[PDB]
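> First the structure, then my questions, so here it is.
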Amino acid sequence: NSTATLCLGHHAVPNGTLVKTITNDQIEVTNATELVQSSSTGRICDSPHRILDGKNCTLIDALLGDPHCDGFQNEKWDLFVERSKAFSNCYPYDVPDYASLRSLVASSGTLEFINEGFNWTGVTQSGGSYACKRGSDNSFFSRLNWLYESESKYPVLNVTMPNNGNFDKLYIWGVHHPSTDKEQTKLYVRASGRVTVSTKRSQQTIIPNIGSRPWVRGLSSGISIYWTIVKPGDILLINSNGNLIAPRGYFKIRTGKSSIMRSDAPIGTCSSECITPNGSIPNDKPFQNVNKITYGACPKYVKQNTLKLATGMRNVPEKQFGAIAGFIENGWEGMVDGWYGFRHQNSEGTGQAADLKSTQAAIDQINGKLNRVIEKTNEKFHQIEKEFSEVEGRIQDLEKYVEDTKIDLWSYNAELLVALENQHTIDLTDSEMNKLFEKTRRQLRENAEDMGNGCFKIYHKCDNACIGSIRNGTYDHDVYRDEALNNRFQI
Amino acid sequence: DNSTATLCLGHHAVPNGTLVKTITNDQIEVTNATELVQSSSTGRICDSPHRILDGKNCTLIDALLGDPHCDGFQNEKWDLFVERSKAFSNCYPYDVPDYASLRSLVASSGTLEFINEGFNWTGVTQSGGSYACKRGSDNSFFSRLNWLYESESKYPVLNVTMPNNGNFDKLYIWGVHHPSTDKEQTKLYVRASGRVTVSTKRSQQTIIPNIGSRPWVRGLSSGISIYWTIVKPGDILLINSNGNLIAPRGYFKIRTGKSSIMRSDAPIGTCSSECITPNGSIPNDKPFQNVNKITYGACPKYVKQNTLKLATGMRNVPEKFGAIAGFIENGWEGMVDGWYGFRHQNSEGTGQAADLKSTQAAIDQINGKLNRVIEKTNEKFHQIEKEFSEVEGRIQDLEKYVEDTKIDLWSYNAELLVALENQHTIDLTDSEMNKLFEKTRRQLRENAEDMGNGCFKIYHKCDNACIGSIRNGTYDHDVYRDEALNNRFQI
Amino acid sequence: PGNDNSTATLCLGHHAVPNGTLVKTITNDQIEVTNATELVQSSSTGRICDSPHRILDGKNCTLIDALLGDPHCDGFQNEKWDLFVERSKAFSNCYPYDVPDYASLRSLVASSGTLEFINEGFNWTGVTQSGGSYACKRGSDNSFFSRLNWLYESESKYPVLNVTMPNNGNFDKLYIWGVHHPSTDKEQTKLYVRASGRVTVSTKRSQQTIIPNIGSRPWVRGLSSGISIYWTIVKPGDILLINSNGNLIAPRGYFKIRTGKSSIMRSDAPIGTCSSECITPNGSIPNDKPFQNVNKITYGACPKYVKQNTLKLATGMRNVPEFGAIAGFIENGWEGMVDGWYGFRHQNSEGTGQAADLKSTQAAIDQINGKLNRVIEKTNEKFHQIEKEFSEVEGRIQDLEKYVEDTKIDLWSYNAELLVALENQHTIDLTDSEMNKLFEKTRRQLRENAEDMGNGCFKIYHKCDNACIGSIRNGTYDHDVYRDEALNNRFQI
Ligand SMILES: *[C@@H]1O[C@H](CO[C@@H]2O[C@@H](C)[C@@H](O)[C@@H](O)[C@@H]2O)[C@@H](O[C@@H]2O[C@H](CO)[C@@H](O[C@@H]3O[C@H](CO[C@H]4O[C@H](CO)[C@@H](O)[C@H](O)[C@@H]4O)[C@@H](O)[C@H](O)[C@@H]3O)[C@H](O)[C@H]2NC(C)=O)[C@H](O)[C@H]1NC(C)=O
Ligand SMILES: *[C@@H]1O[C@H](CO)[C@@H](O[C@@H]2O[C@H](CO)[C@@H](O[C@@H]3O[C@H](CO)[C@@H](O)[C@H](O)[C@@H]3O)[C@H](O)[C@H]2NC(C)=O)[C@H](O)[C@H]1NC(C)=O
Ligand SMILES: *[C@@H]1O[C@H](CO)[C@@H](O[C@@H]2O[C@H](CO)[C@@H](O[C@@H]3O[C@H](CO)[C@@H](O)[C@H](O)[C@@H]3O)[C@H](O)[C@H]2NC(C)=O)[C@H](O)[C@H]1NC(C)=O
Ligand SMILES: *[C@@H]1O[C@H](CO)[C@@H](O[C@@H]2O[C@H](CO)[C@@H](O[C@@H]3O[C@H](CO)[C@@H](O)[C@H](O)[C@@H]3O)[C@H](O)[C@H]2NC(C)=O)[C@H](O)[C@H]1NC(C)=O
Ligand SMILES: *[C@@H]1O[C@H](CO)[C@@H](O[C@@H]2O[C@H](CO)[C@@H](O[C@@H]3O[C@H](CO)[C@@H](O)[C@H](O)[C@@H]3O)[C@H](O)[C@H]2NC(C)=O)[C@H](O)[C@H]1NC(C)=O
Ligand SMILES: *[C@@H]1O[C@H](CO)[C@@H](O[C@@H]2O[C@H](CO)[C@@H](O[C@@H]3O[C@H](CO)[C@@H](O)[C@H](O)[C@@H]3O)[C@H](O)[C@H]2NC(C)=O)[C@H](O)[C@H]1NC(C)=O
Ligand SMILES: *[C@@H]1O[C@H](CO)[C@@H](O[C@@H]2O[C@H](CO)[C@@H](O[C@@H]3O[C@H](CO)[C@@H](O)[C@H](O)[C@@H]3O)[C@H](O)[C@H]2NC(C)=O)[C@H](O)[C@H]1NC(C)=O
Ligand SMILES: *[C@@H]1O[C@H](CO)[C@@H](O[C@@H]2O[C@H](CO)[C@@H](O[C@@H]3O[C@H](CO)[C@@H](O)[C@H](O)[C@@H]3O)[C@H](O)[C@H]2NC(C)=O)[C@H](O)[C@H]1NC(C)=O
Ligand SMILES: *[C@@H]1O[C@H](CO)[C@@H](O[C@@H]2O[C@H](CO)[C@@H](O[C@@H]3O[C@H](CO)[C@@H](O)[C@H](O)[C@@H]3O)[C@H](O)[C@H]2NC(C)=O)[C@H](O)[C@H]1NC(C)=O
Ligand SMILES: *[C@@H]1O[C@H](CO)[C@@H](O[C@@H]2O[C@H](CO)[C@@H](O[C@@H]3O[C@H](CO)[C@@H](O)[C@H](O)[C@@H]3O)[C@H](O)[C@H]2NC(C)=O)[C@H](O)[C@H]1NC(C)=O
Ligand SMILES: *[C@@H]1O[C@H](CO)[C@@H](O[C@@H]2O[C@H](CO)[C@@H](O)[C@H](O)[C@H]2NC(C)=O)[C@H](O)[C@H]1NC(C)=O
Ligand SMILES: *[C@@H]1O[C@H](CO)[C@@H](O)[C@H](O)[C@H]1NC(C)=O
Ligand SMILES: *[C@@H]1O[C@H](CO)[C@@H](O)[C@H](O)[C@H]1NC(C)=O
Ligand SMILES: *[C@@H]1O[C@H](CO)[C@@H](O)[C@H](O)[C@H]1NC(C)=O
Ligand SMILES: *[C@@H]1O[C@H](CO)[C@@H](O)[C@H](O)[C@H]1NC(C)=O
Ligand SMILES: *[C@@H]1O[C@H](CO)[C@@H](O)[C@H](O)[C@H]1NC(C)=O
Ligand SMILES: *[C@@H]1O[C@H](CO)[C@@H](O)[C@H](O)[C@H]1NC(C)=O
Ligand SMILES: *[C@@H]1O[C@H](CO)[C@@H](O)[C@H](O)[C@H]1NC(C)=O
C-alpha cells in the first residue's frame, strides 16, 4: 500500500502473420504486407499506353497489306497486341527471318508508309491474284508492287532511289516463286529471274525457284518477303530480270517506347502502367508472379508466389483476480492505442497508457523501409521474346538462358531482401522496447528496483499524477528519494 | 571466514579455431565453420538417377545420321548424352551448316526415335551407297538418308509431299551431294547442275551444289551438306529436286524434355548423384561449387571463389592460483557441455555448469540459417554451350558474355552472403551471452554487484544448492536480502 | 540536509561536426553523418592514357581498312595492340567493298590484337595477278588492297582454278578473300571471259560459295563496281581449297590468330601521356571506386557500371550538433572534441575538463576501414566484351545484345544500392555501439560510487580531482578507495 508497480510492455494481436527472417523459416509478427503481385483483372487497360488491337491481323499482314488488314494503314501504337485468331487471307508468303522483321517494326511502333514513284518503265505493274480479293476484284498486298511482262518482254531492271532525308527507310519487297514453268514464262518471259536489292552497305541476291511452294488457299506458288534498310546518304538499288515484287515506297523507322505482345486478353476502359499477356496488373508491389512477359513500368518477375514483408513487432499473445506483467513474459492484447506502453498499479487503482514517442519511433523506421522498397518502378518496353512456338536451336537457347538467369537472380534478391528486412524489422522493434525500459529505469534512479519481469517496484506513494510524471519525461527523483530509500533499506 | 561468493558468466572456447570473413573484418576466428563451395569430384559420372547414354566412338550427329559404326544408337533415348573426345566419323564425308543448332535441338529432344515414311520416289533409284561408308562387308550409306540417283539414264524432276497429320513436331534430316567432278555430276544426276528445295508453308530451303569444292576425306574429294527441317502439325513437307538430293527416309520424333548433352571424358560409374559435370558428378549439399560451370541437373551454383566458409559458432577467444574470470576477458576452453554457463567460487570450492536454454537459443539460430542456405536446389538441364573450339565471333561473344556476367553476379551474391551471415552469427552469439548475464543480474536484485569482468560478487553465504537455484531460476532474493544488504553497506 | 558533501560530474560524449553529409540506410532515405566517401566514379579527364595498355590510334583507318590494305593504311601493316581505337573521322579510299557480317570480322580481328600477315605463295599459274584499279591509288600508280590479289585474264583465258594450301604448323590461320561484282557485262568478259563466275573457298569443316552479280553495286568513288569480302579460318591439320573459274579476289596469305586481352573501342578522345588501368570512350577513369557512371563501354580493370550517379558510403558516426552544467551523448554530440571520436567531459572542484578516449576511437576507425578494404578490393578486369552501342537497325540478335547488357546494369545497380544501404546502417550501429560500450565500461568500474544521471553522465559521490578523473579515464580507478565516502553521500548514515 506504500508502493506502486510500473510495468513495461508491447502490444499483441489475436491473429498474427508468419514471415521469414535470416534465422527462422516461420516467425509470427503483428502485421505484414505482400510484396509479390500475383493477381490481375484480366483486362488490358487502354490507358495510359496507346494500345492497338490487331484483332484478325498480325503485324506482318498489316505491314504488307493483306486486304482485310487495310484498316491498319499508317497506324501507330505503343503496344500492338496480336491475337490468336489472326489469319492470312491474301497471297501465300513466307518471311525468311520472320522474327526480326516483326521485332524492328514493333519497336518502331508505326506503319506510316511513304509512297515513292519508281521508274518501272518496260514492265507492267500492280499485278493481282484471285487469292487476294480486295473487295470483289483480284488484288494483292497494298504495299507490294508485282511486276510482270509488258508487251511480251521483260528487260533487265536497273532502278535506284536515294535517301536524302535525315531518317531511316524500311523498304519491304519480295520474290515470286511460280507454280509451273508455264507461269514463269507467261509472267516473266525468261526461264529464271534474278532479284538483287543493294545498298552501299548491303546486298541481297535471291534466286527464285519454280514450283517450290506447297498448296495454300488455291495456289502452289508464293512470294518470299525480304527487307532492306537504307540509311541517310545511302541509296536503294533494285536489279531484277524476273520475279520481282517491288516496293511501293518505304515505312518510316522511328525509335521509341513501342513493342508487341501476344495476348487474348480483352481491352478495357481503365488505367494501368503495367501490362501482361494475362492482363493489366498494378505496379504498387516490387515483385510480380503473373508473367515474365511485361510491357511498361512493372514489378520484377520472380519465381515466388508470395513474399511477406513484416510491418510489425513479434506477436506474443498473453494467453493468460487482476495482475500486471511486463514485456518479459508476453505482449499485451489489450493495448490498441500504441505499440509500447505502461501498465501501472498504485494507490488510486490501476491503469494503461501507451507511449507515443517510442511507437512513432518504430513506425517511422518500419514505414521508411517500405518507401525504400517501393521506390523502384523500373520501366521497360521492347525486350526479348520469352515464349516460343517453333523449335529453333542455338539462338533461342541463349534467349531462354538469359531470361531464366535474370529470373533466378531477381528471385534470389527478393528472397534475401525480405529475409534481411524482416530480421531488421524484428530487431529494431525489440530495441525500441528496451530503450523505453532503460529510459524509465534511469528516471527512477534509486527510487525503484527492477523486478525481472519488465516491471518496476516503486518504493514510495505514486498517485496517478506521479505515474504521469514518469510517462511524461518530468519525474523528479529528489522529491521521493528519502521515502524510497527508507522502504528499500530495512533490516 | 568469508561472507561472499563469486559467480562468473562465460562462454566456451576451442584450441583449433577457424578464420572467416565478415562485413567488418577480413579474418576473424570463430569456434566452428562449414564450407559452402564444392570444390572436389570423385571423377565419375553416376548413372543414377539420370539416364546416361555413353556416346563412345560416336557423336550425336553421327548417331543421328546413321554412320554404320553407330548403328547401335538407333532409336535410343537419353537424359544426358555424353560425347567422348575419341569419337570419330567413318561414313561419307559431310558438313553441317549451323552444326551447333542441330546438335542442340536433337540433344534437348532427347530421343533418336525414327519413324519410317515411304516417299514415292518413282523415276529414280534409291539406297545409293559408297565404299567410304562400309556397313559390314557391304558398300552402304547413312542409315537414315536415301541417296537418290539416276534410273535408266534419266533423272526426272521430283515432286513429293508428306503431310504431318500428327499432333507433334517432325524432324526431317536431308542433304545435298557435291560431286567431285563434272563427269561424276552427269553420271549420277544427268543434269549439269542440280537444285534441292525443301519447303513448308512457313519456310523454304533451296540449295545449289558446288562441284569439286570438297577436300579429300577418306578416299573421296566429294561430300554432302546436311540440312534439317521441322514440319509442324497441319503443315506439310514438300521436297523438290532436279539433282543431287540426299533424301530422308522419315522423321525423328521431337519431344520436350529434361534432356541435354555434355562433352566429357570422365568414366561412367555405378553410383547415384543428382549433379553432373564434365569433371564428374559432384555433391549438391553445398549451395555453391567451383568444379565446372558446365552442369546438368540439380547442381550447386558456379562461383569464382574456391572457398567460402560459413561461421557456425561464436567468436573464438582463448581463456589463457588464478581468480575465476568471466566472458569480458575471454572464453572457457574447459567448458564442454554447452556454449554458455556459470563458473562459481564459494565456501564449498569452485564449480562449473552449462546453461541449456542459452545454448539451444544460439544453436537453433545457427541451424535455422543453415537450413535456409541449404534449402535452394537449383535444377537446370539443357542450357547453353560454355566452351568453344572454333572461332565464331558475334554469337559466341554474347554466349561468353552472358555466362561470364552470370558467374560474376553469383560470385558477388555468394561473397556478400557469407559476410552478412557471419557478422550476424557473431552478433547473435554475443547477444545470448549478454542476455544470460543480464538475466542473472536481475535475479540477484540487491544481493550482488557487477565486478566488471563478467562476474558477480554475491554478498552472502552461497553454497552449491544456492548457486543451483540461480542457475535454474529458482533463486529467492528475499531470503538472502538482509544478509546481503548487511555485507554490502558497511562503513 | 541537501547535497552537503561535495560531488563530481563525469560525462560521456561523441564528436560532432558542422558540415555533415547525408547518406542512405535501410531505415532512412537521408540521415546525416560526419564523414562520407563517394563510391561512384562519374568524372573523367577525357584522355585515353597510353599506359599501361598498348593503345593503337586508328586515325584515318578502321580495323578492316587496315586489315585489307587500303593504301592510306599501309602504316598499320603487321601492327599489334591491346586496345585499338577506331576514330569516327575514318574513311575508305580504295576499291568499293561490303562485308557480310562485318561485325564478326571486326570482332575476331580485334580479339586477336594483331595484323601479323604471313605471305604464302599460292600456285596461280594460268592466270595473271596484281589486278589494279585507279580508285585505289598507291603513290601515283593504280593499285589495290595490299593483302588481296586480283586475278584476271591470262592470254585471254581464265580456267577453273584448283588451289590448295595446307595448315602444317600449329595454331589457326585467318584467310581474307573476296568476290568481284563487275559493273557491266563488258567488264565481266574483259576480265574473266566466262559469263558468270563462281568463287568457292572450302575446308574440311565448311564450304563458302558465292555467285557474283553484275551491276549490283551502286556508284562509289567513280565505279559502279564492288567486291564482297569473305573470310575463312583453317584450323591446324585442316586445309584451304580455292575453287574458282571467275570473279575471284584471292588472298596473299593468312593473318596469324592469337588469343588474348586485345579488343577494339570507338572513341574520339585524344591519346595522352599518362597511366590508368581503365579506359572508356569518354577517356580513362580512376579504378579506386567500386562503381562508375561514365560509360558502360569499358576496357581493362574498371569499376562496374551503375545507373546511379552517386552512392555515398558513411565513414563516420551520426552527426548530432551541440547553464554551466555539462551533458553527455544522450542529448547531442560535442563539436568541441577535435582529438577523438569519443571521450569524457568532467566538472569537479578543480574546474571543467575534456579528454578523448583513444581505445574506442580506433575501435570504430578500424571497423570502418575493415569495411572499405572489402569494398575497394574489387579489381574486375574485363577486356574484349560485346558491343554496346549500335548504328544499324538489325533486329533479333541486336535485341538480345541490348537486353543482356540492360539486365546486367540493373542487377549491379541493385547490388550497389543495397550494399550502400546495408554498409551505412551497419556503420551507424557500430559507432553507436562503441558509445554505449564505453559508457558501460565506465559504469562498471565506478561500482557503487556514482549514479547514472540519465543524460549519459555520472554523478560521482566523492571528491574527484583531475588525477581522480584521470584514473577513471586510464581504467586504473580503484573504487574501494572511495567507497566509504561515496556510500556516505549517496545514502544518509
Ligand atoms: C526510266 O527508264 C526508261 C527506260 O530505261 C531504263 O533505265 C535504266 C535506268 C535501266 O532500268 C534500263 O534497264 C532501262 O532501259 C528511260 O527511258 C529512256 O530515256 C532516254 C532519255 O529520255 C531515252 O533516250 C532518248 O531516245 C530518243 C530516241 O529514242 C527512240 O529511238 C530509239 C532508237 O533510236 C528507240 O530505241 C527508243 O525506244 C525510242 O523509240 C533520242 O532521240 C533522245 O535524244 C534520247 O536519247 C530512251 O529512248 C528511253 N528508253 C525507252 C525504252 O523509252 C527513262 O529515261 C527513265 N526515266 C527516268 C525519269 O529516269
Ligand atoms: C506436287 O504435289 C502436290 C501434292 O499432290 C500437288 O499439290 C496438290 O495440287 C492439287 C491441284 O488440284 C490440289 O488439289 C486440290 O485439293 C483441294 C483440297 O481441298 C480441293 O478442294 C481442290 O478441288 C483440288 O482438288 C491438292 O490439294 C494439292 N495437294 C497438296 C498436298 O498440295 C502439287 O500441285 C504438285 N506440284 C505441281 C507443280 O503440280
Ligand atoms: C560444426 O558445425 C556443423 C554445422 O554444419 C556441424 O555439423 C552438423 O552436425 C549435425 C549433428 O552433429 C549433423 O546433423 C545430421 O543431419 C543429418 C541430415 O542432414 C541426419 O541424418 C543426422 O542424423 C544428423 O542429425 C549435420 O549434418 C552436420 N552438418 C554438417 C554440414 O557437417 C558440426 O557438428 C559442428 N562441429 C562441432 C564440433 O560441433
Ligand atoms: C508415284 O507417282 C508416280 C508419278 O511419277 C505414279 O505413276 C504415274 O501415275 C500417274 C497417275 O496415275 C500416271 O499418269 C497417267 O498415265 C497414263 C498412261 O497412259 C495416261 O493415260 C494418263 O492420262 C495419266 O497421265 C503416270 O503414267 C504414272 N507413271 C508411271 C511411270 O507409273 C505412281 O502411281 C506412284 N506410285 C505408286 C502409286 O506406287
Ligand atoms: C585439286 O587439287 C587437290 C590437291 O592436289 C586434289 O586433291 C588430291 O587428290 C589426290 C588424288 O589421288 C589425292 O592423292 C591421294 O592421297 C592419299 C593420301 O596420301 C592416298 O592414300 C591416295 O592413294 C591418293 O594418292 C590427294 O591427297 C588430294 N589432296 C588434297 C589436298 O585434296 C584434287 O583432286 C584436285 N581436284 C581437281 C578437280 O583437280
Ligand atoms: C533446480 O534447482 C533446484 C535447487 O537446486 C532443484 O530443486 C531440488 O534439487 C535437489 C537436488 O537436485 C533435489 O533433492 C533430491 O530430492 C529427492 C527427492 O526427495 C531425493 O531423493 C534426493 O536424494 C535429493 O535430495 C530436490 O528434490 C529438488 N526440489 C524438489 C522440489 O524436487 C531442482 O531439482 C532443479 N531443477 C532442475 C530441472 O535442474
Ligand atoms: C573522411 O573519409 C575519407 C575516406 O575514408 C578519408 O580519406 C582517406 O584519408 C587517408 C588519410 O588519413 C588516406 O590514407 C592515406 O593515403 C595516402 C595515399 O593517398 C598515404 O600516403 C597515407 O599513408 C595514407 O595511407 C586514404 O587513402 C583516404 N581515402 C580516401 C577514399 O580518400 C578522409 O581522411 C576522412 N576525413 C576525416 C576528416 O576523417
Ligand atoms: C544503274 O543505275 C545507276 C543509277 O541510275 C547508275 O549509277 C550511275 O552511274 C553513273 C556512271 O557514269 C554515275 O555518273 C557519275 O556521276 C558522278 C557524280 O555525279 C560524276 O562526278 C561522274 O562524272 C559520273 O557522271 C551516276 O552518278 C550514277 N548514279 C547513281 C544514282 O548512282 C549505274 O551506272 C547503272 N548501272 C550500270 C551497270 O550502268
Ligand atoms: C560519355 O560520352 C557519351 C557519348 O558517347 C555521353 O552520352 C551523351 O550524353 C549527353 C548528355 O551529356 C546526351 O545528350 C542529351 O542527354 C539528355 C539527358 O541528360 C537527354 O535527355 C537528351 O535527349 C540528349 O540525349 C547524349 O544523348 C548522350 N549520347 C550521345 C551519343 O551523345 C556521356 O554523357 C558521356 N559521359 C558522361 C559521364 O557524361
Ligand atoms: C593516464 O595515462 C596517460 C597516458 O599514459 C598518462 O599520461 C602520461 O603519463 C606518463 C607518466 O605516467 C608521462 O610520462 C612522463 O613524461 C615526462 C615528460 O615530461 C617525462 O619527463 C617522464 O619521465 C615520464 O616519461 C607522459 O608524458 C604522459 N603523457 C603525455 C602525453 O605527456 C597519465 O599520467 C595517466 N594518469 C594517471 C592518473 O594514471
Ligand atoms: C575440371 O575440368 C576443367 C577443364 O578440364 C579444369 O580446368 C582446367 O584446369 C587446368 C589446370 O591444369 C587448366 O590448365 C585449364 O586451362 C583449365 N580449363 C578451364 C576451361 O578452365 C578444372 O580444374 C577441373 N576441376 C577439377 C576439380 O579437377
Ligand atoms: C488481425 O485482426 C485485426 C482485428 O481488427 C484486423 O484489423 C487486422 O487487419 C488483422 N491482421 C491483418 C494483418 O490484417
Ligand atoms: C498467365 O498466363 C500464363 C500463360 O497463359 C499462365 O501459364 C499463367 O498461369 C497465367 N497467370 C495468371 C496469374 O493468370
Ligand atoms: C506508415 O506510416 C503511417 C503514419 O502514421 C502509419 O499510419 C502506418 O501504419 C505506417 N505503415 C506501417 C507501420 O506499416
Ligand atoms: C508534461 O510535459 C509537458 C511538456 O513536455 C508539460 O507542459 C506538462 O505540464 C507535463 N505534464 C505534467 C502532468 O507534468
Ligand atoms: C572405338 O574404336 C577403337 C578403334 O577402332 C576400338 O578399339 C574401340 O573398341 C572402340 N570402342 C567402342 C566403344 O566402340
Ligand atoms: C602448279 O605449278 C606447277 C608448276 O609451276 C604447274 O605445272 C601446275 O599446273 C600448277 N597447278 C595448278 C595451276 O593448278
Ligand atoms: C582509414 O584509415 C586511414 C589511414 O589509417 C585513415 O586516415 C582514415 O581516416 C580511416 N577511415 C576513416 C573513415 O576515417
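Note on naming: chains are A, B, ... as they come in the C-alpha cells, residues start from 1 per chain, ligands start from 1 in the order shown.
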Pull out every residue of chain A sitting within 7 Å of chain C, counting only C-alpha atoms, and send them as a list in words.

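Written out as asked, the residues are residues 99, 100, 101, 103, 104, 196, 198, 199, 200, 201, 202, 237, 239, 365, 368, 369, 383, 384, 399, 402, 442 and 443 of chain A.
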
> For the residues in the current selection, export C-alpha atoms as an mmCIF file, in the first residue's frame.


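Generated file (result.cif):
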```
data_model
loop_
_atom_site.group_PDB
_atom_site.id
_atom_site.type_symbol
_atom_site.label_atom_id
_atom_site.label_comp_id
_atom_site.auth_asym_id
_atom_site.auth_seq_id
_atom_site.Cartn_x
_atom_site.Cartn_y
_atom_site.Cartn_z
ATOM 1 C CA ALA A 99 11.004 -12.715 -86.079
ATOM 2 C CA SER A 100 13.499 -9.913 -86.756
ATOM 3 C CA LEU A 101 11.234 -8.052 -89.189
ATOM 4 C CA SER A 103 10.730 -7.176 -83.971
ATOM 5 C CA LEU A 104 12.039 -3.992 -85.596
ATOM 6 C CA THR A 196 19.179 -8.195 -106.308
ATOM 7 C CA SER A 198 21.536 -3.421 -102.839
ATOM 8 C CA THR A 199 22.788 -0.507 -100.766
ATOM 9 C CA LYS A 200 26.284 0.881 -100.317
ATOM 10 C CA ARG A 201 26.489 -1.405 -97.261
ATOM 11 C CA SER A 202 24.441 -4.493 -98.136
ATOM 12 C CA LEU A 237 19.334 -0.161 -105.906
ATOM 13 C CA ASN A 239 18.301 -5.012 -110.127
ATOM 14 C CA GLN A 365 11.576 3.104 -39.248
ATOM 15 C CA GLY A 368 10.755 4.255 -44.014
ATOM 16 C CA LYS A 369 11.969 0.922 -45.378
ATOM 17 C CA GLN A 383 12.523 -6.571 -74.679
ATOM 18 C CA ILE A 384 13.288 -10.067 -75.984
ATOM 19 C CA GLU A 399 17.369 -16.169 -75.455
ATOM 20 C CA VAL A 402 19.332 -15.146 -70.462
ATOM 21 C CA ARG A 442 17.194 5.810 -15.284
ATOM 22 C CA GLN A 443 14.491 8.360 -14.422
#
```

> Return as a ChimeraX atom specification the residues belonging to chain C that are within 6 Å of chain B, counting only C-alpha atoms.

/C:104,108,205,367,370-371,444,484

> Please give me, as a list in words, the residues lying within 12 Å of ligand 4 when counting only C-alpha atoms and all ligand atoms.

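Those residues are residues 118, 119, 120, 121, 122, 123, 124, 151, 155, 156, 157, 158, 159, 160 and 161 of chain B.
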
> Could you write those residues out with N, CA and C atoms, as a PDB file, in the first residue's frame?


```
ATOM      1  N   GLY B 118       7.368 -43.813 -96.226  1.00  0.00           N
ATOM      2  CA  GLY B 118       7.682 -44.208 -97.583  1.00  0.00           C
ATOM      3  C   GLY B 118       7.303 -43.170 -98.622  1.00  0.00           C
ATOM      4  N   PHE B 119       8.273 -42.371 -99.043  1.00  0.00           N
ATOM      5  CA  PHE B 119       8.040 -41.460-100.148  1.00  0.00           C
ATOM      6  C   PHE B 119       7.962 -42.248-101.452  1.00  0.00           C
ATOM      7  N   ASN B 120       7.268 -41.668-102.432  1.00  0.00           N
ATOM      8  CA  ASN B 120       7.001 -42.372-103.688  1.00  0.00           C
ATOM      9  C   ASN B 120       8.298 -42.658-104.449  1.00  0.00           C
ATOM     10  N   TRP B 121       9.053 -41.610-104.791  1.00  0.00           N
ATOM     11  CA  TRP B 121      10.357 -41.722-105.465  1.00  0.00           C
ATOM     12  C   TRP B 121      10.331 -42.657-106.677  1.00  0.00           C
ATOM     13  N   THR B 122       9.287 -42.583-107.493  1.00  0.00           N
ATOM     14  CA  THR B 122       9.306 -43.291-108.769  1.00  0.00           C
ATOM     15  C   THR B 122       9.997 -42.436-109.824  1.00  0.00           C
ATOM     16  N   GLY B 123      10.899 -43.058-110.578  1.00  0.00           N
ATOM     17  CA  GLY B 123      11.695 -42.383-111.578  1.00  0.00           C
ATOM     18  C   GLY B 123      13.156 -42.232-111.212  1.00  0.00           C
ATOM     19  N   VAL B 124      13.521 -42.539-109.965  1.00  0.00           N
ATOM     20  CA  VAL B 124      14.904 -42.516-109.510  1.00  0.00           C
ATOM     21  C   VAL B 124      15.174 -43.824-108.780  1.00  0.00           C
ATOM     22  N   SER B 151      18.050 -43.321-112.915  1.00  0.00           N
ATOM     23  CA  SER B 151      17.365 -44.554-113.296  1.00  0.00           C
ATOM     24  C   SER B 151      17.156 -44.548-114.804  1.00  0.00           C
ATOM     25  N   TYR B 155      16.850 -38.689-114.911  1.00  0.00           N
ATOM     26  CA  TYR B 155      16.582 -38.179-113.564  1.00  0.00           C
ATOM     27  C   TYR B 155      15.496 -37.118-113.672  1.00  0.00           C
ATOM     28  N   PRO B 156      14.230 -37.500-113.529  1.00  0.00           N
ATOM     29  CA  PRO B 156      13.146 -36.524-113.656  1.00  0.00           C
ATOM     30  C   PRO B 156      13.031 -35.636-112.425  1.00  0.00           C
ATOM     31  N   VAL B 157      12.357 -34.500-112.621  1.00  0.00           N
ATOM     32  CA  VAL B 157      12.095 -33.589-111.513  1.00  0.00           C
ATOM     33  C   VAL B 157      11.185 -34.272-110.504  1.00  0.00           C
ATOM     34  N   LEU B 158      11.486 -34.078-109.222  1.00  0.00           N
ATOM     35  CA  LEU B 158      10.826 -34.786-108.133  1.00  0.00           C
ATOM     36  C   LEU B 158       9.885 -33.841-107.400  1.00  0.00           C
ATOM     37  N   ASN B 159       8.600 -34.186-107.380  1.00  0.00           N
ATOM     38  CA  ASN B 159       7.594 -33.508-106.560  1.00  0.00           C
ATOM     39  C   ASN B 159       7.033 -34.521-105.575  1.00  0.00           C
ATOM     40  N   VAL B 160       7.387 -34.390-104.298  1.00  0.00           N
ATOM     41  CA  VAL B 160       6.894 -35.303-103.271  1.00  0.00           C
ATOM     42  C   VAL B 160       6.429 -34.481-102.074  1.00  0.00           C
ATOM     43  N   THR B 161       5.329 -34.907-101.455  1.00  0.00           N
ATOM     44  CA  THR B 161       4.790 -34.258-100.267  1.00  0.00           C
ATOM     45  C   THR B 161       4.456 -35.305 -99.214  1.00  0.00           C
TER      46      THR B 161
END
```

> Using only C-alpha atoms and all ligand atoms, which of the listed residues (B:472, B:137, B:18, B:165) sits closest to ligand 2?

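Smallest separation from ligand 2 among the options: B:165.
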
> Using only C-alpha atoms and a cut-off of 7 Å, which residues of chain B sit close to chain A? Please list them as number ranges by chain.

B: 100-102, 104-105, 197, 199-203, 238, 240, 365, 368-369, 383-384, 399, 402, 442-443, 482

> So which residues are near ligand 17, meaning at most 7 Å away with only C-alpha atoms and all ligand atoms counted, given back as number ranges by chain?

C: 123-126, 161-163

> Report as a list in words which protein, DNA and RNA residues come within 9 Å of ligand 3, using only C-alpha atoms and all ligand atoms.

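Checking only C-alpha atoms and all ligand atoms against ligand 3 at 9 Å gives residues 31, 32, 33, 34, 35, 36, 285, 286, 310, 311, 312, 313, 366, 367 and 370 of chain B.
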